[PDB]
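Undergrad: This is the structure I want to talk about, given as structure tokens.
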Amino acid sequence: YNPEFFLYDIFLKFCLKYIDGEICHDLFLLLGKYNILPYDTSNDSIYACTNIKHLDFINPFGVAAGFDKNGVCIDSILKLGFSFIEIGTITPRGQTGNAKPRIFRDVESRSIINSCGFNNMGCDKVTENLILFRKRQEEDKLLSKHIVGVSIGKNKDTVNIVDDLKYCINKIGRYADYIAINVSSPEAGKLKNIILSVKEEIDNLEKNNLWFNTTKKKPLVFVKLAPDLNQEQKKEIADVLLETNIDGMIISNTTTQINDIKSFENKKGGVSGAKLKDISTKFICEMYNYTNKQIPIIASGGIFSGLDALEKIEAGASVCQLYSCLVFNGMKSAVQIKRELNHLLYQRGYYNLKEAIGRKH
Ligand SMILES: Cc1cc2nc3c(=O)[nH]c(=O)nc-3n(C[C@H](O)[C@H](O)[C@H](O)COP(=O)(O)O)c2cc1C
Ligand SMILES: CCOC(=O)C1=C(Nc2ccc3ccccc3c2)OCC1=O
Ligand SMILES: O=C(O)c1cc(=O)[nH]c(=O)[nH]1
């Protein structure tokens, strides 16, 4: 409840009526590298503690993948009140991505469509940007216990999918609290291979040497699915996940099956925000049922209010990543939504958050 937030959250709602997305985004990215973005320091409520396997998130709210792709402000994004951030996605060979502009935001429908094309400075340049932080992380107080994952994918023209990840782990795997595979860009057996492929490198890091991360342990393997699949395709996947014994999924990414949005009729790419919430709260409640409550799930897909966030948990999401929230509601988005959830896990008579995971039977 600062003047600082509120002041920025005028500047920004201005941006969201007059400036391009990317431009606003790349501007506000810049400040936070020069550390002029307001902090959220006030201690969280332990009752909204949460974890996946052995991965402890001081609060449930992170910044989703593709927000800080190049990991250039990790600092001042986590010091807005997010437990964790997800950086990348990052390809072994860094890309300028599709031609601009490629990020378009709806202000009424609070929705975003992008054809970015995985623009990143490349696994090499990024790893160095993360390391420089893991250093900063020991010195600075306000980054103790804050989890950084890394999203990884394949180059556009890839020699082999697996070997593009393989380079990526090898480079960065030491400094991530989790690795995020994504197969969700705008069969099951080829997936199984990848997963196994990915665990193997992470199992090779441990043998050929260490963990300069926040856990100081080997990074968990999460896959980031997309909501545009059939039951058949889905259940065929779920089995792989249990077969791969996988550390967790990140339901979901950007849908492409939304054409009710006027401003976006002339655009191509995947949509994130309000119109993708519902779709993604049903995509947790299916991939929960099939894996039979055995795989931990990180929600992403139209989370804005503490209610929006609770709907994901009670579906089965042990954690919440925000992206569109920040675009629309702003820098208070952590402080506001966190306040909102505590006042809602109460209302509902949840003793703690972890009690409320998957309480849709
Ligand atoms: C402009 C833009 C870039 C994105 N880049 C990535 C990315 O590199 N890797 C990734 O895994 N997800 C990426 N996403 C997807 C988000 O991480 C998130 O899953 C999606 O936006 C849903 O969040 P929301 O509906 O809560 O905004 C991107 C989304 C947008 C709008
Ligand atoms: C590309 C995502 O959407 C934007 O461009 C956009 C945007 N994104 C960001 C990016 C980084 C941020 C860092 C800190 C606080 C808010 C932020 C908000 O804030 C206003 C706006 O228009
Ligand atoms: O960079 C992109 O095009 C991109 C990557 C991703 O994972 N999700 C998305 O919506 N866009």
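Conditions (1) in contact with a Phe, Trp or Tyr (Cβ under 7 Å, 6 or more places away or on another chain); (2) within 16 Å of ligand 2 (Cβ to nearest atom); (3) part of a loop (DSSP other than H, G, I, E, B); (4) within 20 Å of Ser318 (Cβ to Cβ), marked per residue:
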| residue | (1), (2), (3), (4) |
| --- | --- |
| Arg174 | yes, no, no, no |
| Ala180 | yes, no, no, yes |
| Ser197 | no, no, no, no |
| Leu210 | no, no, yes, no |
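Undergrad: Out of everything in the stretch 56-72 that is over 25 Å from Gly270 (Cα atoms) and surrounded by fewer than 24 Cβ atoms within 10 Å (Cβ to Cβ), what residue ends up being nearest to ligand 2 (Cβ to nearest atom)?
TA: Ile58
Undergrad: For the stretch 71-89, how many residues meet the condition of being under 21 Å from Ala180 (Cβ atoms), outside any loop (DSSP other than H, G, I, E, B) and either among the small types (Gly, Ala, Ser) or more than 16 Å from ligand 3 (Cβ to nearest atom) (or both)?
TA: 5
Undergrad: Considering only residues that are farther than 19 Å from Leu142 by Cα, within 20 Å of the chain's Cα centre (by Cα) and aromatic (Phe, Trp, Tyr), look in the stretch 19-70 and name the one that is nearest to ligand 3 (Cβ to nearest atom).
TA: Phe67
Undergrad: Can you give me the number of residues within the stretch 154-179 that are under 19 Å from the mean Cα position of the chain (by Cα) and surrounded by fewer than 19 Cβ atoms within 10 Å (Cβ to Cβ)?
TA: 0
Undergrad: Go through the stretch 234-254 and report how many residues are among the hydroxyl-bearing types (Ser, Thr, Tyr) and either away from ligand 3 (no atom under 16 Å from the Cβ) or over 15 Å from the mean Cα position of the chain (by Cα) (or both).
TA: In the first step, residues of the stretch 234-254 are kept if they are among the hydroxyl-bearing types (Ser, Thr, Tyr); the result is 244, 252, 254.
Add one more test, that the residue is either away from ligand 3 (no atom under 16 Å from the Cβ) or over 15 Å from the mean Cα position of the chain (by Cα) (or both), and what stays is 244.
Residues flagged as among the hydroxyl-bearing types (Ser, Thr, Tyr) and either away from ligand 3 (no atom under 16 Å from the Cβ) or over 15 Å from the mean Cα position of the chain (by Cα) (or both) within the stretch 234-254 amount to 1.
Undergrad: Something else: Of all residues being within 24 Å of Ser300 (Cβ to Cβ) and β-branched (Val, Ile, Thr) in the stretch 100-138, which is surrounded by the most Cβ atoms within 10 Å (Cβ to Cβ)? Just the residue, please.
TA: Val126
Undergrad: If you don't mind, another one. Give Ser144, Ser151 a once-over and let me know the one that is among the hydroxyl-bearing types (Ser, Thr, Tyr) and either surrounded by fewer than 21 Cβ atoms within 10 Å (Cβ to Cβ) or more than 16 Å from ligand 1 (Cβ to nearest atom) (or both). Walk me through it before giving the result.
TA: Values: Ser151 fails: either surrounded by fewer than 21 Cβ atoms within 10 Å (Cβ to Cβ) or more than 16 Å from ligand 1 (Cβ to nearest atom) (or both).
Going through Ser144, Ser151 in turn, the sole match is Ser144.
Undergrad: Residue pairs, Cβ under 6 Å, 6 or more apart or interchain, first in the stretch 27-51 and closer than 13 Å to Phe5 by Cβ, second among the hydroxyl-bearing types (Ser, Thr, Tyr) and buried (at least 19 other Cβ atoms within 10 Å of the Cβ). List them.
TA: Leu37/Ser76
Undergrad: Can you work out which of the residues in the stretch 240-256 that are of a type in the set (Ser, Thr, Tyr) and more than 14 Å from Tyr288 (Cα to Cα) is surrounded by the fewest Cβ atoms within 10 Å (Cβ to Cβ)?
TA: Our first condition is that a residue be of a type in the set (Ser, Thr, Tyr); within the stretch 240-256, this holds for 244, 252, 254-256.
Then keep just the ones that are more than 14 Å from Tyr288 (Cα to Cα); that gives 244, 254-256.
Values: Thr244: 19, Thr254: 26, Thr255: 21, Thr256: 15.
Among residues in the stretch 240-256 that are of a type in the set (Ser, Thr, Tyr) and more than 14 Å from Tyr288 (Cα to Cα), the one surrounded by the fewest Cβ atoms within 10 Å (Cβ to Cβ) is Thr256.
Undergrad: If you don't mind, another one. Of the residues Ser272, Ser318, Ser333, only one is of a type in the set (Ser, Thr, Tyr), surrounded by 21 or more Cβ atoms within 10 Å (Cβ to Cβ) and in contact with a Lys or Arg (Cβ under 8 Å, 6 or more places away or on another chain); which?
TA: On the way: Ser272 fails: in contact with a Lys or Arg (Cβ under 8 Å, 6 or more places away or on another chain); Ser333 fails: in contact with a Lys or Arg (Cβ under 8 Å, 6 or more places away or on another chain).
Of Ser272, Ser318, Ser333, the one residue that is of a type in the set (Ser, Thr, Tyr), surrounded by 21 or more Cβ atoms within 10 Å (Cβ to Cβ) and in contact with a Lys or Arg (Cβ under 8 Å, 6 or more places away or on another chain) is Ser318.
Undergrad: Still on this structure, I have one more. Any residue that is under 27 Å from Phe28 (Cβ atoms), more than 10 Å from ligand 1 (Cβ to nearest atom) and surrounded by fewer than 20 Cβ atoms within 10 Å (Cβ to Cβ) - is there at least one of those in the stretch 283-302?
TA: Within the stretch 283-302, the first condition is being under 27 Å from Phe28 (Cβ atoms), and the residues that meet it are 298-302.
Subsequent filtering for residues that are more than 10 Å from ligand 1 (Cβ to nearest atom) retains none.
Within the stretch 283-302 (the criterion being under 27 Å from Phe28 (Cβ atoms), more than 10 Å from ligand 1 (Cβ to nearest atom) and surrounded by fewer than 20 Cβ atoms within 10 Å (Cβ to Cβ)), the answer is no, since none of the residues qualifies.
Undergrad: Of the numbered conditions (1) touching an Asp or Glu at 6+ places or on another chain (Cβ under 8 Å); (2) surrounded by 14 or more Cβ atoms within 10 Å (Cβ to Cβ), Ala226 satisfies every one except a single condition; which is it?
TA: Condition not satisfied by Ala226: (1).
Undergrad: Would you check if there is a residue in the stretch 97-111 being within 16 Å of the chain's Cα centre (by Cα) and either closer than 30 Å to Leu341 by Cα or near ligand 1 (Cβ under 9 Å from one of its atoms) (or both)? Lay out the reasoning, then the answer.
TA: Filtering the stretch 97-111 for residues within 16 Å of the chain's Cα centre (by Cα) gives none.
For the stretch 97-111, residues within 16 Å of the chain's Cα centre (by Cα) and either closer than 30 Å to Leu341 by Cα or near ligand 1 (Cβ under 9 Å from one of its atoms) (or both): absent.
Undergrad: Could you tell me how many of the residues in the stretch 105-132 are of a type outside the set (A, V, I, L, M), within 16 Å of ligand 2 (Cβ to nearest atom) and in contact with a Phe, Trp or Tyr (Cβ under 8 Å, 6 or more places away or on another chain)?
TA: Looking only at that region, the number is 5.
Undergrad: Which of the following residues is of a type in the set (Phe, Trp, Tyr) and in a strand (DSSP E or B): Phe104, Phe133?
TA: On the way: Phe133 fails: in a strand (DSSP E or B).
After applying the criteria, what remains is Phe104.
Please note: Cβ atoms are built from the backbone with ideal geometry, for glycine as well, and neighbour counts cover all protein chains shown. All of the numbers you see were taken from the coordinates with simple rules; none came from a lab.
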